[PDB]
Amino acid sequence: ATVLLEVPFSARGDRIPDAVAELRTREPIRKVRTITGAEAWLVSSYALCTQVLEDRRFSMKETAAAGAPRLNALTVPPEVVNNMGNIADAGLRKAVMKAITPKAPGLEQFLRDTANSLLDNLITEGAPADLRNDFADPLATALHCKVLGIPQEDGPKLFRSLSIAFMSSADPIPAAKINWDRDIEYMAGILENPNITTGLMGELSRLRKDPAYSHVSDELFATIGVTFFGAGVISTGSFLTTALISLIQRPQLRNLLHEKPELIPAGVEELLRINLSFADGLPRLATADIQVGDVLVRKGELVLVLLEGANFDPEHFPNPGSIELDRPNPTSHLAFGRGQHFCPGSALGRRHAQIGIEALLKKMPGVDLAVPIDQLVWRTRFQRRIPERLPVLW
């Protein structure tokens, strides 16, 4: 006898497991067991991933209900799982979305200058350099302090919550509450701090005193700062780190982008498509009985949308493991989700990666791994796949 197939399959973010293509061909929706012991439906084709993400009866907010089958334990309060819904209900969606575009005057120049400074520091110090801890993550942290309007020197302490806040655990995590309550207290103080007049927190601070928002809670305003910092920094830092591995493993591409930097946006879009940064499928709870493929999903069941299942589906993306800059459907991947919950940071995340890559390739055109790739240490039981260190030379 064997036990029911367990998820996730592997924490390694440098290769896709052969099980994904076997599932997708043979059983593109099938039952699995999560780390909590709950059963769930794992969906792994482009067609069925899109179906689930476009039908709101597969609900994100209902995954927080008491007694539901769970992918992992909550690391935030349960109402926060409906964060963007709560922001829309408070009349804040347009303003939040506006503050996190990469379009603010000076923002791109600030990203380039920050990237170049970080890279000059590594060159001065000499190889090997850790491109996660000393490049991608500080670049994401600096970006988010600037986008929020908060001091750059507060970024490192906020960032050190993230190795716990984004855990994917079978059980509640006591440190996640300690850090959440401290970070909410910090963001509440930011809303009271007259120096904070720019970025997302400067805008929320003004709207908070405007009569049209007088009954929006201070808790929601503070929660927007904590959740957008955390989700944006973990998502951009982890994506850029694993994208740099994919790039370094393709010297030909590396060299093409270095020669013809105008191709960096197309290269980043393919790097998004093939990215393994999400460690788990996106969870949803069925609110009705719904046919998905050969399975009737029942009300109350958990469904997990496997992004690499969609993004490596050869019926949508022929030769899915190859980066091809001339695809006719280049942005149709699911790296930013799809439907109601499509990522509102998508433009920002694209620009962080494009600028980080352009700066790296101009400063370190000969970048290469400084250790055999199998020697990277992949973080486990986490919502992202990331190497603990990314040692390079040039």
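A residue's number is simply how far along the shown sequence it sits, counting from 1.
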Problem set entry | Of 360 to 368 and 336 to 344, the stretch whose C-alpha atoms average the higher B-factor in the entry | 360 to 368
For this session: Output the stretch having the higher mean C-alpha B factor in the entry; the candidates are 81 to 89 and 135 to 143.
Result: 81 to 89
Exercise. Taking the values straight from the PDB record, which of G237, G300, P172, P194 has the highest C-alpha temperature factor?
Worked result: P194
For this session: Between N72, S246, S161, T124, let me know which has the highest C-alpha B-factor in the entry?
Result: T124
Seminar exercise, completed: Chain thirds by Cα B factor, record data; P261 belongs to the highest
Exercise. If you rank every modelled residue in this chain by C-alpha B factor, which third holds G321: lowest, middle or highest?
Worked result: highest
Seminar exercise, completed: Here the Cα B-factor of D313, set against its chain, lands in the third termed lowest
For this session: Quick one: classify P28 as lowest, middle or highest third of the chain based on its Cα B-factor.
Result: middle
Problem set entry | Lowest, middle or highest third - CA B-factor, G155 | highest
